[PDB]
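Peer 1: My questions all concern the structure below.
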Amino acid sequence: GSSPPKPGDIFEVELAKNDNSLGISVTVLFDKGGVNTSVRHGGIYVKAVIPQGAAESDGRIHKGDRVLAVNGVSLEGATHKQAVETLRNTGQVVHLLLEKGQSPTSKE
């Protein structure tokens, strides 16, 4: 008993290294996507998913935001090893739990 959680809040992105399982540019809006930017869960901020799908296929959309866990690991400021590493290692098989808590508009 469950329901598919859509983006705009706590969204997770799962893909199995098959066709795509990543495709985002990190540190673009942030210093390294995941972190603990300023919350109690983490806080990945990015450009998000590539234009040609990829992570977008992984369904890891949202440029600049706050993740609870990345690649499955809770990036509550862990990054260094876990979160940042996942950004770089993403794809093999990625599972992400994100928490939508942006501020500015979708462009402004």
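Residues are named by chain letter and number: chains run A, B, ... in the order of the structure tokens, numbers start at 1 in each chain, and ligands are numbered from 1 in the order shown.
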Apply DSSP to the backbone of this structure and, from stretch 34-75 of chain A, keep only the residues in strand (DSSP E); write these as a list in words.
Peer 2: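 Strand (DSSP E) members of stretch 34-75 of chain A, listed: residues 46, 47, 48, 49, 66, 67, 68, 69, 70, 73 and 74 of chain A.
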Peer 1: Store the residues of this selection in a file with N, CA, C and O atoms, as a PDB file, in the first residue's frame.
Peer 2:
ATOM      1  N   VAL A  46      21.946  22.034  -7.338  1.00  0.00           N
ATOM      2  CA  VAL A  46      22.555  21.740  -8.611  1.00  0.00           C
ATOM      3  C   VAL A  46      21.902  22.405  -9.826  1.00  0.00           C
ATOM      4  O   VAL A  46      20.963  23.184  -9.688  1.00  0.00           O
ATOM      5  N   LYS A  47      22.350  21.992 -11.034  1.00  0.00           N
ATOM      6  CA  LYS A  47      21.729  22.461 -12.284  1.00  0.00           C
ATOM      7  C   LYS A  47      20.665  21.435 -12.614  1.00  0.00           C
ATOM      8  O   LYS A  47      19.693  21.687 -13.325  1.00  0.00           O
ATOM      9  N   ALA A  48      20.874  20.281 -11.990  1.00  0.00           N
ATOM     10  CA  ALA A  48      20.029  19.163 -12.033  1.00  0.00           C
ATOM     11  C   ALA A  48      20.245  18.310 -13.270  1.00  0.00           C
ATOM     12  O   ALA A  48      21.378  18.096 -13.679  1.00  0.00           O
ATOM     13  N   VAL A  49      19.181  17.756 -13.817  1.00  0.00           N
ATOM     14  CA  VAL A  49      19.296  16.840 -14.914  1.00  0.00           C
ATOM     15  C   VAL A  49      19.553  17.408 -16.283  1.00  0.00           C
ATOM     16  O   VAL A  49      18.962  18.391 -16.732  1.00  0.00           O
ATOM     17  N   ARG A  66      17.093  20.739  -1.520  1.00  0.00           N
ATOM     18  CA  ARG A  66      17.643  20.054  -0.356  1.00  0.00           C
ATOM     19  C   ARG A  66      17.209  18.591  -0.156  1.00  0.00           C
ATOM     20  O   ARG A  66      16.088  18.296   0.240  1.00  0.00           O
ATOM     21  N   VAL A  67      18.164  17.701  -0.389  1.00  0.00           N
ATOM     22  CA  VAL A  67      18.059  16.304  -0.231  1.00  0.00           C
ATOM     23  C   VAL A  67      18.248  15.801   1.161  1.00  0.00           C
ATOM     24  O   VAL A  67      19.137  16.233   1.895  1.00  0.00           O
ATOM     25  N   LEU A  68      17.455  14.807   1.474  1.00  0.00           N
ATOM     26  CA  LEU A  68      17.586  14.146   2.740  1.00  0.00           C
ATOM     27  C   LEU A  68      18.683  13.096   2.609  1.00  0.00           C
ATOM     28  O   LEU A  68      19.610  13.053   3.419  1.00  0.00           O
ATOM     29  N   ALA A  69      18.607  12.270   1.553  1.00  0.00           N
ATOM     30  CA  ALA A  69      19.626  11.269   1.301  1.00  0.00           C
ATOM     31  C   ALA A  69      20.015  11.306  -0.156  1.00  0.00           C
ATOM     32  O   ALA A  69      19.177  11.585  -0.995  1.00  0.00           O
ATOM     33  N   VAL A  70      21.258  10.995  -0.453  1.00  0.00           N
ATOM     34  CA  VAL A  70      21.730  10.957  -1.817  1.00  0.00           C
ATOM     35  C   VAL A  70      22.285   9.576  -2.106  1.00  0.00           C
ATOM     36  O   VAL A  70      22.862   8.932  -1.231  1.00  0.00           O
ATOM     37  N   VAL A  73      22.384   7.265   0.573  1.00  0.00           N
ATOM     38  CA  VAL A  73      23.000   7.670   1.822  1.00  0.00           C
ATOM     39  C   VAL A  73      22.382   8.976   2.263  1.00  0.00           C
ATOM     40  O   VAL A  73      22.097   9.829   1.440  1.00  0.00           O
ATOM     41  N   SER A  74      22.187   9.151   3.551  1.00  0.00           N
ATOM     42  CA  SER A  74      21.613  10.391   4.030  1.00  0.00           C
ATOM     43  C   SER A  74      22.723  11.414   4.034  1.00  0.00           C
ATOM     44  O   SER A  74      23.710  11.249   4.751  1.00  0.00           O
TER      45      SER A  74
END
Peer 1: Tell me, as a list in words, which residues lie within 12 Å of residue A:78, counting only C-alpha atoms; anything in the same chain fewer than 2 positions away does not count.
Peer 2: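 Contacts, in chain order: residues 32, 33, 34, 35, 36, 37, 40, 41, 42, 43, 44, 67, 68, 69, 70, 73, 74, 75, 76, 80, 81, 82, 83, 84, 85 and 86 of chain A.
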Peer 1: Nearest to residue A:54 among A:105, A:18, A:2, A:71, with distances taken over only C-alpha atoms: which residue is it?
Peer 2: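 Of A:105, A:18, A:2, A:71, the one nearest residue A:54, counting only C-alpha atoms, is A:18.
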Peer 1: Write out as a VMD selection string all residues of stretch 45-97 of chain A that backbone DSSP assigns to helix (DSSP H, G or I).
Peer 2: chain A and resid 55 to 58 82 to 89
Peer 1: Keeping N, CA and C atoms, export the residues of the selection given above as an mmCIF file, in the first residue's frame.
Peer 2:
data_model
loop_
_atom_site.group_PDB
_atom_site.id
_atom_site.type_symbol
_atom_site.label_atom_id
_atom_site.label_comp_id
_atom_site.auth_asym_id
_atom_site.auth_seq_id
_atom_site.Cartn_x
_atom_site.Cartn_y
_atom_site.Cartn_z
ATOM 1 N N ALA A 55 20.060 11.732 -15.999
ATOM 2 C CA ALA A 55 19.563 11.799 -14.625
ATOM 3 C C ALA A 55 18.091 12.101 -14.658
ATOM 4 N N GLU A 56 17.742 12.899 -15.639
ATOM 5 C CA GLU A 56 16.360 13.285 -15.871
ATOM 6 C C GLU A 56 15.527 12.011 -16.024
ATOM 7 N N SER A 57 16.188 10.985 -16.552
ATOM 8 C CA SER A 57 15.618 9.657 -16.710
ATOM 9 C C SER A 57 15.676 9.008 -15.349
ATOM 10 N N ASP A 58 16.810 9.221 -14.667
ATOM 11 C CA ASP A 58 16.958 8.763 -13.304
ATOM 12 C C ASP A 58 15.867 9.446 -12.509
ATOM 13 N N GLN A 82 30.368 10.436 1.200
ATOM 14 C CA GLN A 82 29.086 9.905 0.695
ATOM 15 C C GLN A 82 28.323 10.708 -0.323
ATOM 16 N N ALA A 83 28.019 11.947 -0.013
ATOM 17 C CA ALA A 83 27.176 12.711 -0.939
ATOM 18 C C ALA A 83 27.884 13.199 -2.154
ATOM 19 N N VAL A 84 29.004 13.778 -1.938
ATOM 20 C CA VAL A 84 29.779 14.280 -3.032
ATOM 21 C C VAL A 84 30.204 13.129 -3.914
ATOM 22 N N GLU A 85 30.585 12.043 -3.266
ATOM 23 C CA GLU A 85 31.012 10.861 -4.005
ATOM 24 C C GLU A 85 29.903 10.338 -4.880
ATOM 25 N N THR A 86 28.676 10.421 -4.387
ATOM 26 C CA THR A 86 27.572 9.885 -5.149
ATOM 27 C C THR A 86 27.333 10.702 -6.406
ATOM 28 N N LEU A 87 27.522 12.008 -6.302
ATOM 29 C CA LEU A 87 27.344 12.884 -7.450
ATOM 30 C C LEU A 87 28.288 12.443 -8.556
ATOM 31 N N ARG A 88 29.519 12.148 -8.154
ATOM 32 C CA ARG A 88 30.551 11.700 -9.077
ATOM 33 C C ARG A 88 30.382 10.253 -9.478
ATOM 34 N N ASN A 89 29.838 9.431 -8.595
ATOM 35 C CA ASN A 89 29.705 8.032 -8.917
ATOM 36 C C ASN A 89 28.317 7.637 -9.390
#
Peer 1: Which one is closest to residue A:8: A:53, A:28, A:95, A:65? Count only C-alpha atoms.
Peer 2: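 For residue A:8, the nearest of the candidates is A:65.
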Peer 1: Between A:104, A:23, A:51, A:77, which residue has the minimum interatomic distance to residue A:91, considering only C-alpha atoms?
Peer 2: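 Checking each candidate against residue A:91, we get A:23 as the closest.
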Peer 1: With a distance cut-off of 8 Å and only C-alpha atoms, select the neighbouring residues of residue A:92, excluding the residue or stretch itself and same-chain residues fewer than 2 positions from it, and output the selection as a VMD selection string.
Peer 2: chain A and resid 16 to 17 21 89 to 90 94
Peer 1: To one decimal place in Å, what is the distance between atom CA of residue A:98 and atom CA of residue A:10?
Peer 2: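 Separating atom CA of residue A:98 from atom CA of residue A:10 is a distance of 5.2 Å.
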Peer 1: Do you have the atom CA of residue A:9-atom CA of residue A:101 distance handy?
Peer 2: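 Interatomic distance here is 7.0 Å.
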Peer 1: Using only C-alpha atoms, which residue out of A:20, A:27, A:3, A:106 lies closest to residue A:45?
Peer 2: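 Among the listed residues, A:27 lies closest to residue A:45.
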Peer 1: So how far away is atom CA of residue A:50 from atom CA of residue A:108, in Å?
Peer 2: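 These two atoms are separated by 19.7 Å.
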